[PDB]
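Letters A, B, ... mirror the listed sequences (proteins, then strands); counts begin at 1. Quick note: numbers below take in every heavy atom, side chains included, and nothing from hydrogens, waters or symmetry partners.
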Amino acid sequence: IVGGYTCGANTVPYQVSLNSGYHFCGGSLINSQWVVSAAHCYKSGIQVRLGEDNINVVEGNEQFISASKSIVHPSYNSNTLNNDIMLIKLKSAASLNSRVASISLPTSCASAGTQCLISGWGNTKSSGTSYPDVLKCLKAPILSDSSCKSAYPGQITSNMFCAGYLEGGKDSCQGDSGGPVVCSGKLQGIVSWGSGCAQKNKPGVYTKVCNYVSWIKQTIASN
Amino acid sequence: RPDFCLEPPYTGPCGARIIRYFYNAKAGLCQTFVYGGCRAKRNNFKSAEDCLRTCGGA
Ligand SMILES: [Ca+2]
């Protein structure tokens, strides 16, 4: 997260870290046994870390649970990045209380201008590298499909949306993928891709979760 | 030629932070770099062994 702020210990209870010997992607807990992430975050041997703040130190609120299933959307296209969503089933149910909680799926899509919360342990620099110990937060608005397509000609599908500031300086970045974009308590997006990070006229692109609600519910229920 | 082993490492547009290896001809060794998760170029390996086998001596 570039241009953001320190969320504060466990203030984003649905945020999880995907670990494969180190943190490589984020994710969103939507059920005690399921996490939503990006399809490009698929890896074997994934361990989901919940209740995390400082990802480099054990603080006492963490739950480390292995992924028992990592289901990439059947139509994910690794070239166009269309349908960039993945469902991860936890080997054992996560313990929910206050520092670890699920986030609701959307009942309807969000409109341009809606302010959302984006979070993650990704790079905090637009030029250079600096990975944070604690979770970072960013408030950013969903942008119009028209502005998104103008920013990324011939690259934006109906399953993607842009969010951020065209002036640059605030954006998600490497290490944030698979993470949440929550608007009004609903998970509307998944950190997906973009041209660099926090660059002018290059807002982040996110998977449009509202288009996958029925698929998510049915897939989770059939696995 | 164009030897893909001589191409600079490519992170790509996706936002993951996956550690991969690339052959660094300038240093004569396989080094680590951050791969974003998609649109990988060929000088991108999952292990130093894979990198050395494919690009060693480039
Ligand atoms: Ca920790």
Under 3.5 Å donor-acceptor, A/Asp176 side chain and A/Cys173 backbone:
yes
Look up atom CD in A/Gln47 and atom NZ in A/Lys91, then write down how far apart they are to the nearest 0.5 Å.
12.0 Å
Could you measure the distance from the CG atom of A/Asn31 to the OG atom of A/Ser102? Nearest 0.5 Å is fine.
7.0 Å
Validation row: A/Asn123, A/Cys197 side chains within 4.5 angstrom (heavy atoms)
no
Treating A/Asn83 as the side-chain partner and A/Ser75 as the backbone partner, does any N or O pair qualify as donor plus acceptor under 3.5 Å?
yes
Heavy-atom donor-acceptor pair, A/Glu62 side chain to A/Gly60 backbone, under 3.5 Å
yes
Can you find a pair of side-chain heavy atoms, one from A/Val100 and one from A/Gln63, that are under 4.5 Å apart?
yes
At their closest point, which heavy atom of A/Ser177 faces which heavy atom of B/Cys14, and how far apart are they?
OG-C, 4.0 Å
Please find the pair of heavy atoms, one from B/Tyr23 and one from B/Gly57, that lie closest to each other, and give the distance.
OH-N, 3.4 Å
Go through it in stages, so that I can follow the logic: the residues are B/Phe22 and B/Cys5, the test is side-chain contact (heavy atoms from CB on, under 4.5 Å), and I'd like the CA-CA distance, side-chain angles, deciding distance and then a yes or no.
CA-CA 8 Å; B/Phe22 76 99; B/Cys5 294; over 6 Å; no
Measure the shortest side-chain to side-chain distance between A/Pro106 and A/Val213 over non-hydrogen atoms and say whether it is less than 4.5 angstrom.
yes
Rounded distance [0.5 Å steps], NZ in A/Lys43 versus OG in A/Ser70:
11.5 Å
So that I can confirm a possible disulfide, could you see if the SG-SG distance for B/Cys30 and B/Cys55 falls below 2.5 Å?
no
Nearest heavy atoms of A/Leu18 and A/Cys41, plus distance in Å
CD1-CB, 4.3 Å
What's the separation between atom SG in A/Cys25 and atom CD in A/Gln174, rounded to the nearest 0.5 Å?
10.5 Å
4.5 Å side-chain heavy-atom contact, B/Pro8 and B/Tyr10
no
Please answer: with hydrophobic residues joined when any side-chain heavy atoms are less than 4.5 Å apart, are A/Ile46 and B/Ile18 in the same cluster?
yes
Once side chain to side chain donor-acceptor pair (under 3.5 Å) is applied, do any residues pair with A/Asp145, and if so which ones, sequence neighbours excluded?
A/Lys149
Heavy atoms of A/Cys116 and A/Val181 approach each other most closely as CB-CG1, 3.8 Å
Would the distance check show the side chain of A/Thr114 and the main-chain N or O of A/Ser111 forming a donor-acceptor pair, the cut-off being under 3.5 Å?
yes
Residue pairs passing the ring-ring contact (aromatic ring centres under 6.0 Å, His included) test where at least one lies in residues 9-68 of chain A, sequence neighbours excluded:
A/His23-A/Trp121
Does any non-hydrogen side-chain atom of A/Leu187 lie less than 4.5 Å from one of A/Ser104?
no
Please say yes or no: joined through hydrophobic side-chain contacts below 4.5 Å, possibly via intermediate residues, are A/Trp193 and B/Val34 part of one cluster?
no
Linked, directly or transitively: A/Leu143 and A/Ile118 (ILVMFWY side chains, under 4.5 Å)
no
Between A/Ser147 and A/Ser144, is there a side-chain donor-acceptor contact under 3.5 Å, judged purely by atom types and distance?
yes
Please report the C-alpha distance between A/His73 and A/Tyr212 in whole Å, then the side-chain angles of each, then the deciding distance to 0.1 Å, and finally whether the side-chain contact (heavy atoms from CB on, under 4.5 Å) criterion is met.
CA-CA 10 Å; A/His73 191 283; A/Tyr212 301 92; 3.7 Å; yes
Keeping A/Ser37 on the side-chain end and A/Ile88 on the backbone end, is there a donor-acceptor pair under 3.5 Å?
no
Look at the side chain of A/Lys89 and the backbone N and O of A/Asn223, then say whether any donor-acceptor pair between them is shorter than 3.5 Å.
yes
By salt bridge (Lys or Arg N to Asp or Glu O under 4.0 Å) - contacts of B/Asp50 (at least two apart)
B/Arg53
Under the side chain to side chain donor-acceptor pair (under 3.5 Å) test, which residues partner A/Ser195, sequence neighbours left out?
none
Could you tell me whether the side chains of A/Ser119 and A/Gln15 share a donor-acceptor contact shorter than 3.5 Å?
yes
Would you say A/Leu117 and A/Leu105 are hydrophobically clustered, going by side-chain heavy atoms of ILVMFWY under 4.5 Å?
yes
Considering all heavy atoms of both residues, which atom of B/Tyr21 and which atom of B/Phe33 are nearest to each other, and what is their separation?
O-CE2, 3.6 Å
Per-pair distances, 0.1 Å, donor-acceptor, side chain in residues 200-208 of chain A, under 3.5 Å, sequence neighbours excluded:
unit_1, atom_1, unit_2, atom_2, d
A/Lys202, NZ, A/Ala151, O, 3.0
A/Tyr206, OH, A/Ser172, OG, 2.8
A/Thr207, OG1, A/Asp84, O, 2.8

So, A/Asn211 and A/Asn159: side-chain donor and acceptor under 3.5 Å apart, yes or no?
yes
Run the side-chain contact (heavy atoms from CB on, under 4.5 Å) test on A/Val48 and A/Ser66 for me, step by step, so that the C-alpha distance in whole Å, both residues' side-chain angles and the decisive distance to 0.1 Å come before the verdict.
CA-CA 6 Å; A/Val48 179; A/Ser66 298; over 6 Å; no
Say you draw a straight line from CD1 of A/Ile85 to CG of A/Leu87; how long is it, rounded to the nearest 0.5 Å?
5.5 Å
Donor-acceptor pairs under 3.5 Å, side chain of residues 127-136 of chain A to any protein atom, not counting sequence neighbours: which ones?
unit_1, atom_1, unit_2, atom_2, d
A/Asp133, OD1, A/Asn56, ND2, 2.7
A/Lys136, NZ, A/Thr6, OG1, 2.8

B/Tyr35 and B/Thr11: which non-hydrogen atoms are nearest, and at how many Å?
CD1-O, 3.5 Å
same_hphob_cluster(A/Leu90, A/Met86) at 4.5 Å side-chain heavy-atom cutoff:
yes
Hey, are A/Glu59 and A/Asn54 close enough side-chain-wise for a donor-acceptor pair under 3.5 Å?
no
What I'd like to find out is whether the side chain of B/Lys41 reaches to under 4.5 Å of the side chain of B/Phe4, using heavy atoms alone.
no
Looking at A/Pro13, is its backbone amide N or carbonyl O close enough to the side chain of A/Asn10 to form a donor-acceptor pair, meaning the two atoms are under 3.5 Å apart?
no
Do B/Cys38 and A/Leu81 come close enough that some side-chain heavy atom pair is under 4.5 Å?
yes
Near A/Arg99 CZ, under 6.0 Å, is it more than 12 heavy atoms from other residues, nucleotides or ligands?
no
Applying side-chain contact (heavy atoms from CB on, under 4.5 Å) to A/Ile103 and A/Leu29, what does each step give before you reach the verdict?
CA-CA 6 Å; A/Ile103 183 69; A/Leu29 189 68; over 6 Å; no
What is the distance from atom CD1 of A/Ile190 to atom CE of A/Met160, rounded to the nearest 0.5 Å?
12.0 Å
